[PDB]
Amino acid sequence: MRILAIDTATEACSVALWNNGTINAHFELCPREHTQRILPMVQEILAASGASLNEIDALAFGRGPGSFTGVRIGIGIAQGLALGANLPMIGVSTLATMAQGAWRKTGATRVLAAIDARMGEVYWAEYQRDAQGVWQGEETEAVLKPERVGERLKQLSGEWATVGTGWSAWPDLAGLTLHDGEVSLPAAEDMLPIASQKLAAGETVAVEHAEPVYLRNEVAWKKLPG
């Protein structure tokens, strides 16, 4: 199969292509340049592997959580491409993507993913890779205050690798044996094994069904009196 993955949910810009196993990937820090870099990166990664957008079997996208703007850039670009080329779509968690990155870089099978969302809260997840390489723990994805995370760490056990900017923002959060996962930001190349599992299970969506995962759904505005 052929899978194209893109990600702009955080401070990074990344694209990757899977061609029956072989991976071509590009990653860059693109703060305030997301819209300026993503389509040139897609065009370049396709031209490199001699791939046409029409021959792609699934378009994997960073569904979030992360930057509201960034998540919407990623979904917008992916929706335009998938609608334009009639491509099935696969939403991949940015939290699970960083877990896969920690496994690729360190061999870690148990990952505590924390993204430093604004207002002093974090996007949190507990991910564990099974014998089949599937990351379990999607139901644990939540937006938490660091105090609630600290309480949660007391309930867990064993060895864990830490990933994301949440640990940069709150490094005093680190009973448990914690190791650095060596991942602060997601990369599109780590989306490709998750998207490959999802495509094999027939868990793709049509372009009109692609939705972001924000976690923070509360509005930063009060409603008018009464």
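Residue numbers here begin at 1 and follow the sequence given.
- Where coordinates are absent for parts of the deposited sequence, a chain break appears; between neighbours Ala174 and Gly175 it spans 1 to 3 residues.
- Legend: mean Cα B-factor per stretch from the PDB entry, 84-92 versus 151-159; the higher mean is in 151-159.
- Averaged over CA atoms, B-factors in the entry run higher in 114-122 than in the other of 114-122 and 100-108.
- Between the residues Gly62, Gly166, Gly50, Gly70, it is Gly50 that shows the highest Cα B-factor in the PDB record.
- When all modelled residues of the chain are sorted by CA temperature factor, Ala187 is found within the lowest third.
- Ranked by C-alpha B-factor against the other modelled residues of its chain, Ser14 falls in the lowest third.
- Among the modelled residues of the chain, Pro193 sits in the middle third by CA temperature factor in this PDB entry.
- When the modelled residues of the chain are ordered by C-alpha B-factor, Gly133 sits in the middle third.
- Ranked within its chain, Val213 lands in the middle third, by CA B factor from the PDB record.
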